[PDB]
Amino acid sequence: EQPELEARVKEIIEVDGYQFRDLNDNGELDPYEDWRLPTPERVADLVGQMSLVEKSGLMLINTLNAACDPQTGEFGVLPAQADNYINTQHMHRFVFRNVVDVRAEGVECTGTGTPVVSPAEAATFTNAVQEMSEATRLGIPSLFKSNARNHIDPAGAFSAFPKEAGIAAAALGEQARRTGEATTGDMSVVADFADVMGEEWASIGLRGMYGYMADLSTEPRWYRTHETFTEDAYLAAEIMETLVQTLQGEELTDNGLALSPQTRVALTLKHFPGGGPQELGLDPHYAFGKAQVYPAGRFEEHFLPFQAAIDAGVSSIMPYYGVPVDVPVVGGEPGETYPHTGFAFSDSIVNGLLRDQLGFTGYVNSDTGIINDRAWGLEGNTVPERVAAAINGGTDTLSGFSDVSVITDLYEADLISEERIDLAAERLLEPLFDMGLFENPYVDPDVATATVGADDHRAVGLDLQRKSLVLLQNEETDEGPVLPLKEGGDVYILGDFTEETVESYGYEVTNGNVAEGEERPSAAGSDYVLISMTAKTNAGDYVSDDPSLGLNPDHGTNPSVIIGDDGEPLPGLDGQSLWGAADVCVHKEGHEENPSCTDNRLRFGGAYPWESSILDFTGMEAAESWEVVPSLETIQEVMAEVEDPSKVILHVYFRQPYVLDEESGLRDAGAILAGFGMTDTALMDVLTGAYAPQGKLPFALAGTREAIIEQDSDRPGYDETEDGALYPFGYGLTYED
């Protein structure tokens, strides 16, 4: 019956033999403090006593990182803006972005940066914010969200798993190992991962997530394919279902939300209705990439994973920045299309599709910076006008917006009704009640130390690392298949292999990784060449209003067209404009005089927009804003030096679905693997045969740039291209001894 309580500011009262937190400090048991009552009655009572500004503060969510004190040496103290956000803006939702890890030897507090914090220091920080929250007039608790933390970057003290697509590759591979088929996957793999994450996140007082991503990698030119699970909507739907059930629980409320005190992490699924199908792969963080296009008419396949998570009870939904171009309204009158504005401003999307058509009963969380930076389709509108349009469109909380006074001002100007603010307040407050946070919002920092990165948790991650690896090619030689490796030999390594780790398996290693000013030993005479390679963007020089770049006629024109709902094309988006002409620094269609460029330095990722279709390794080596690592030139020298290329093992990190073009010579390697993030001993354990590979690709790979240029950005695979796929979805070899 009686749930545990903890209070550091307010007092505990007991009534009818039960104890309660007196959060308004009146000395009596209000219904919102009365945990015996159903949540709607607790919310109604709480919303009844809030001032307008306290209600409007709930509609903001902003970065609140732990800081360090240069004079005490303590890490995990409150930042400067904590007092403002909690006490002046009345916020109770925050994004925690610090790396959680143990700092080296010698690290002292200094610099503008975001300090690294241990698990115990992270818990101390979030407790302190909860302490400051309880100290407010009604002592409403706070909720921290974060992006993903448990993935190897090819994190910190959290237990390390492969990237999202590696988890899907492992799930498909274990289905095929049990059934013979690779369709929707073995979801015990996903549940095992989610179980470790939920336990570790909750132990530091991190009870929400910006994620996971249900977006589909149907457009290989989209730089965010690196954080998608799959291109296939039905596998994605099965994964989102399992993530909600495991992270939120299977216990549903009467509203149909999987929210209980058993909820370890409440998910804010992103990015609705699906960020995958970007025109030319250009991303809507950037002005030139506002458009999402659906040439194969698959808009409904893309919100199918969201559908599945909504039914499993997911807490929260984040719309993407994108603009849906000419999309028929689901369940609407004939000839109706969705507005050509960003998703969070469209009542048709957030209230119509998400709530009315799909039945979502939770709250809606904007993506970060839609108001000031990415108010797509609202370029001429003011900031207050943009706030009202997102809130009235169905968006309940604004990520990256700080200023509660703008919402109160919009109320006094009758641009947002108080009935709408009450509705947002209800949706935002209910999960905090249902998750037990009004009763006890604190955590034990020392239990975090014993939980984050536990040995058994790390073991689960290691298993999935080994099961994510996909064997794509393993050529038969006179002495048998290239893989697994034989015992002993001379091994040449290139790329991110640790020499002593490879030596430890009983090989003599020659390291081709030399600095730019030293000569590289030849690979001649090696029994094996281990190359670990990938490609990266190097687009930090991009400037939208620079005639050398964004305004350079030699870079061509942006083919993307978006006709505004007023009848005029969006700036720089008429299909004839220079790439940089869509940036507000160029068009200046707002209220405000020389606006900064939003696209400068492409700081979120992605190549130069004129280079977004160069996904082949040969093209990428020559491209201005792509880089092959190690260089394709060095790789090609090395493969010639060994003379017999079947002695070369390529381990490739397909950050995007890169194209192994025949001109590049990479297909002459004896073995090719796709890796999604592993320790060196996990990969050496598979290469040397202690374990056999079993992963299967959760997206198809193409063989030509033409297939890249021809495929439909909203359709999976390459079956409609002339050249087709090099490797299809669900493909992957093993050792057959």
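So that there is no doubt, residue numbering starts at 1 and follows the sequence shown.
- [ ] Pick one of none, 1 to 3, 4 to 9 or 10 or more for the number of deposited-sequence residues not modelled between residue 605 and residue 606.
- [x] Per the deposited record, the segment joining residue 605 and residue 606 has no missing residues.
TODO: For the higher mean C-alpha B factor in the entry, choose 316 to 324 or 73 to 81.
DONE: That would be 73 to 81.
Open item on the list: Per the record, averaged over C-alpha atoms, which has the higher B-factor: 447 to 455 or 587 to 595?
Closed with: Higher mean C-alpha B-factor: 587 to 595.
TODO: Going by the CA temperature factor in the entry, name the top one among 156, 484, 211, 609.
DONE: When the deposited C-alpha B-factors of 156, 484, 211, 609 are compared, 156 is largest.
Open item on the list: Looking at the C-alpha B-factor values in the deposited entry, which of 619, 525, 645, 274 comes out highest?
Closed with: The record points to 645.
- [ ] Please place residue 729 in the lowest, middle or highest third of its chain by C-alpha B factor as given in the entry.
- [x] Its C-alpha B-factor belongs to the lowest third of this chain's values.
Task: Third assignment of residue 692 from its chain's C-alpha B-factors - done: Ranked within chain, residue 692 CA B lands in the lowest tercile.
Open item on the list: For the chain shown, is the CA B-factor of residue 516 in the lowest, middle or highest third of its modelled residues?
Closed with: Highest third - that is where residue 516 ends up once the chain's C-alpha B-factors are sorted.
TODO: Taking the chain's C-alpha temperature factors as the reference, tell me which third residue 31 falls into: lowest, middle or highest.
DONE: Its C-alpha B-factor belongs to the highest third of this chain's values.
Task: B-factor third for the C-alpha atom of residue 300 within its chain - done: Tercile = highest for this residue's CA B-factor.
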